[PDB]
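Single chain ahead, by itself, as structure tokens, in the form deposited in one PDB entry.
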């Protein structure tokens, strides 16, 4: 049971849970990843975004296109090139509600652990990913 296999199994339980939590907001999981990462790291390559959402860059460009058409992401051409993609007010509010449902989805998956185990598990994750 390589570590990476154990990690993959956890992601395989998490992802459909997160997707279903996000559905009533009209968002796919890739769209959520784009919103969240762009909210924290404005000006991010769609390659990086795609590696984080584990989708091809072409799929991410399609995500970007949909989020821009929706008024949640913009790239206003600088009257000074074009500005790196950032969230609008709309996108920030979207992002916030989506982060709330994703947090609840996470807690639902983490309920398989006791409260102390959840804290230790998140610490261990932080250490391993540092």
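We call the rigid core whatever largest set of C-alpha positions still superposes within 1.5 Å between the two forms. Residue numbers count along the first chain shown, from 1.
Below: the form deposited in another entry, not depicted.
Superposition of the core reveals a Cα shift of 2 Å or more for residue 56 between this form and the one not shown. After superposition on the rigid core, the Cα of residue 110 moves by 2 Å or more between this form and the one not shown.
When the rigid core is held fixed, the Cα atom of residue 45 travels 2 angstroms or more between this form and the one not shown.
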